[PDB]
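Engineer: First the structure, which I've put down as structure tokens, then a few questions once you've had a look.
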């Protein structure tokens, strides 16, 4: 047993597809135009059957496809059960020779009708389109269009061979009552109609079928007798439904949309939005510039990635943004846990050349990491990739001293002020390294950074004491599970038990017992919490 | 009829109508040829017709099946707008009929094309699923990331695709009377055996099963965020610091204790979750005062294996005591007006005769305050303290 | 015009334009045959024409009515793109006109198909109904619902198929303020005729019409069962119902009001006899409205009388107890110092100056527990300070 993915059996399937195309396009030709398949084609007829014969026994080696949803069962009894119950009888009958049998039973025309069973193997070509339709590299709607064209052009080929057969089913003495026997083009007569250099006998028949299939209509070639009118009615009626089916799938391809159609809709809203607000002409040149930027070089296609869950998208950000961040001088030696908390909350933006991101004296509200392109700071400096700018303003609360100018098309990762400080506060140890690395006003910033981390420990103690003083149980609850130690004292020294015992708040006293806060803590006065009660 | 494909039954209906109008037009077109005398056969579409070799000299006694196919052959060629010119109208009465039939077929012919295009454009449910996949796959190769996360992305959207049968259904159209009966046959077994509602009133559980809203969450999704402020029930599967067994409710302590959930809930596998609105639970529990007290009583008893309940025991013990004291407050109110009907129900539903309110009072004091002997012996037979002392030193014998 | 569909009107306009251009092109085409001398009529499309036996030789005195039809017959065949070849252009000036007429009609022909598709793509009643049944059948199969219930859900969906209903998900765009007036226009006349609301105030009744819902029930269905707890109140507006046969329900009546008031389980089974239109009201909404209209609440109980004595006594006892109960709730909030808890029951509750059954102003409890903050709030309401309980004590005596 072999699974249908061996990459060698799969190459065998692509080899039998050539025979399927050949034997499906040649069976109508042999049935209609030929009356015995002369010996020039003897080898090809025999070779075609043995190629399909080795496949009729190799089908048992294939295991299975699926039982209910997905189950490849490799069992001899299971594999053969589906084969003999679905299409084995037809496959065997089609591979059995019929040309030699026709000539071995005298000349019986009724035995040549069995030769049309070979038309079933064209279904193998159709299954190829279905298999290729599930492929994601090529659009499936476009594949469905090609399938309908092949079917329509194959039925035209089959109808041309059948139509010529209806002309040969009358005696040669009555050839004047056939569509081709009585035909007369410009100078040609088509008198004998049976020795007309077949290659110019098939084109005439095919020329009739293509004109009828496209519903053009000339009248130079048309049905005359009763048995050719009936076939024309069923071929025309069948093609009318098939013709309207192609148009339906052609519309569905267009109705999906395009880049130009989506871009044109966005500009309609932006132009309407800017007109009603009377925006300046300079700003209108920037908003319209960014929309054309995303027109070509297709963007992330927003409103689609939002279906992705945040948990999965969290891993996506690490795969993409991590290599660029690690190279910045600011984050040299930082812990991996701290850096990972930054990659999750980053956003990607593009800026055209000549644009301005920051102005001199402006308050910085975002932190930008340069990942692509080049920027020039105003010329007093040049910004290279794997760098960050604006970090001076956001740390020392200094207004931005320099203007950053975009020099070439650049990709920039931005971080908000609120998100940055929340991450920085938790990683207190990492925060000290950032200030130290930035040094390598500098002394004042370094002193402030060391003073900022020193004051925050004392400030949280005051917040807890204030909440305990006013008896707000819920206010102090948030700063206990994710805040500081309630046992600590402020600058003067004031345990929450002292204030609670001074104001006679019995309820808050119970909670402090649960935290096992020490009772005999003394301030810089010699007093005890029991002394206030 | 849902069992029959809609595209199939629209083609057949339109084909039958178009093939029937063609059949009728063929019979009418031959009639216009017989309205002229036999001497003027040469001015008819069929009397002046000569195919390959046949003459159609008289177009009478011509073996009607031979005389009908040629008329039908002309009609179906113009129906499909092919056009041959071997058969065509010659005189006025056939030209006029041809104009009113060709123009009629043009409107009907364009109606078939416009009817089949609309059904092709309006694709099936599975058709729109594959369209969304192409955008994700195309974006996936734009970055060329790893293979481990590709399986999670494909599995996530497929899981919600197959579980969206209850997602925004049309059940709101059904009257609530029918819809209430549906909920009592689906969710009732699960809400009956959850340990939280053990020993609860039958009427209470009927008012809580109606408001359920089932939901399916893919594995790895965040049901709730840690440190953030809807009751949830589990039916099958496992939930994730801790693992939630089936038939166990989480988030009950958060609502009751007014504390945000400290752990983020992440789905370990494909599980069915029934959600109840947080505001709905508070409003529902308010009506059933007797049943609500038994809820946290069962929650308090659970402080044996779970560690979260043990460290929250003090706060929980306050709520039950506060609610129990409120029950005693109503007990004295009922005895004040001497309506013995309410006294029996309250004392039977866990009420105690030796229950004191905040201000030291007891039902015995209210019983003898108004001189109601009917309730006096009821508490005496209930083994109550005759000499119960209040804050102000007013014994039941004193104020009487 | 809104009476007739605009897409269908647009279809008729295109047909008129196409059939008018065909008429104009037929008159122009014959003009191109008369712009040549009579001696050269053999080079024209009609001069050289020869049908079955007719010759069209002179073609200039040919009984015009049979000269226009043969020219219109050419134009209609070309317009529909059929093509016969019996009539066709021959000279140079008729080929050029045929090229511009055929090319112009090709664009116009494809324009008709586009508008024909847009008419179909809008949808239909059958198409929308078929989509709903697909979800319901899928929903019921996965939950393994009983065969009896499946007969009811499918019945209501088919009920709204014909006699088109409100077609919900479109009226939601209407603002609630406007929709409030719509309810008073429709549901108000039906409510006023019920015996229960005889003599009720217009303000009370208006608060009921706003929060009603519309439902339909097929014959043979059951709304209430014996011994069941009633959770909805129904007003009969159309059809006839039979209560089980012990009674018959007529329009402009209400049933189930006994259960919702005395907390008694439903004693009778209500069965639908004919197609009925029913307005329903929830239990929670009904009680909230009734509590505010205390005066109207007494009238409803009195009108219902005309177990009855017990229900009447309970109704009079229910309105008596609620005044005392709200006093206890305020005192409990003041005892535990929950400022926000008592805030909600002051602006939309009872008078804080009132006392409970024993008599205890909230100032007494506040002064007993030493809650300074709550004391400021009571000053804002100007609550009397010298209120005494049935003990001789004062609020200052507890402090």
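Engineer: Take the alpha-carbon centre of the stretch A:276-326, take the same for the stretch A:206-224, and report the distance between them in whole Å.
Structural biologist: Each part reduced to its Cα centre gives a spacing of 56 Å.
Engineer: Using r as the Cβ-Cβ distance of residue A:58 and residue A:137, and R0 as 41 Å, what FRET efficiency do you calculate, to the nearest 0.05?
Structural biologist: Efficiency, from the Cβ-Cβ distance: 0.90.
Engineer: From the helices alone, meaning DSSP H stretches of at least four residues, give me the mean residue ellipticity at 222 nm for chain A, per-run term -39500 (n - 2.57), in deg cm²/dmol to the nearest 500.
Structural biologist: -18000 deg cm²/dmol
Engineer: Can you tell me how much longer the chain between residue B:34 and residue B:65 gets when fully stretched, taken as 0.36 nm per residue apart minus their C-alpha distance, in nm with one decimal?
Structural biologist: Between residue B:34 and residue B:65, full extension yields an extra 9.5 nm.
Engineer: Related question: Given R₀ = 41 Å, what would the calculated FRET efficiency be for residue B:348 paired with residue B:259, taking r from the Cβ atoms and rounding to 0.05?
Structural biologist: Calculated transfer efficiency: 0.75.
Engineer: Now, a different point. Highest first, please rank the peptides A:490-503, A:33-46 by the mean number of other Cβ atoms sitting within 10 Å of their residues. Each step should come with its number before you reach the end.
Structural biologist: Details: A:490-503: 19.0, A:33-46: 12.3.
Going from most to least packed, we get A:490-503, A:33-46.
Engineer: Another one. According to the square roots a ≥ b ≥ c of the eigenvalues of the Cα gyration tensor, what is the shape class of chain C, taking rounded for a/c under 1.5, prolate for a/b larger than b/c otherwise, and oblate for the remainder?
Structural biologist: prolate
Engineer: Which FRET efficiency value, to the nearest 0.05, do you get for residue B:176 and residue B:324 by plugging their Cβ-Cβ distance into 1/(1 + (r/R0)^6) with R0 = 35 Å?
Structural biologist: About 0.45, to the nearest 0.05.
Engineer: Distance in nm between label sites at residue A:255 and residue A:92, each 7 Å beyond Cα in the beta-carbon direction?
Structural biologist: 4.7 nm
Engineer: Per residue of A:240-246, count partner chain C-beta atoms within 10 Å of its C-beta, then hand back the mean as an integer. Before the final figure, lay out each step's value.
Structural biologist: Working: counts 10, 5, 0, 2, 12, 5, 0.
That works out to 5 on average.
Engineer: Sequence gap at least 6, Cα distance under 8 Å: using those rules, report the relative contact order of the stretch A:243-377 to the nearest whole percent.
Structural biologist: Value for the stretch A:243-377: 22 percent.
Engineer: How would you rank C:269-276, A:133-140, highest first, on the average number of other Cβ atoms within 10 Å across their residues?
Structural biologist: Ranked by mean Cβ neighbours within 10 Å, highest first: C:269-276, A:133-140.
Engineer: Quick one: grab the alpha carbon gyration tensor of the stretch B:112-169, order the square roots of its eigenvalues as a ≥ b ≥ c, and give me rounded if a/c is under 1.5, else prolate or oblate depending on whether a/b is larger than b/c.
Structural biologist: Oblate shape, in that a/c is at least 1.5 and b/c is the bigger or equal ratio.
Engineer: Next up: Roughly what would the spin-label model give for residue C:322 and residue C:110, points 7 Å off Cα along C-beta, in nm?
Structural biologist: 7.3 nm
Engineer: Does the stretch A:39-169 classify as rounded, prolate or oblate by the C-alpha gyration tensor (a ≥ b ≥ c root eigenvalues; a/c under 1.5 gives rounded; else a/b over b/c gives prolate, otherwise oblate)? List each step's numbers first, then the result.
Structural biologist: Numbers: a/c = 2.59, a/b = 1.32, b/c = 1.96.
In terms of gyration-tensor shape, oblate.
Engineer: For the residue pair residue A:74 and residue B:395, what label-to-label distance in nm results when each label sits 7 Å from Cα along the Cα-to-beta-carbon direction?
Structural biologist: About 9.6 nm separates the two model spin labels.
Engineer: Taking each residue of B:103-116 in turn, how many C-beta atoms of other protein chains fall within 10 Å of its C-beta, and what is the average?
Structural biologist: For this peptide, the per-residue mean of nearby foreign Cβ atoms is 6.
Engineer: Evaluate peptide B:88-100: per residue, the Cβ atoms of other protein chains within 10 Å of its Cβ; return the mean as an integer.
Structural biologist: 5
All of the numbers you see were taken from the coordinates with simple rules; none came from a lab. When we count neighbours, we look across all protein chains shown, and the Cβ atoms used for this are built from the backbone with ideal geometry, even at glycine.
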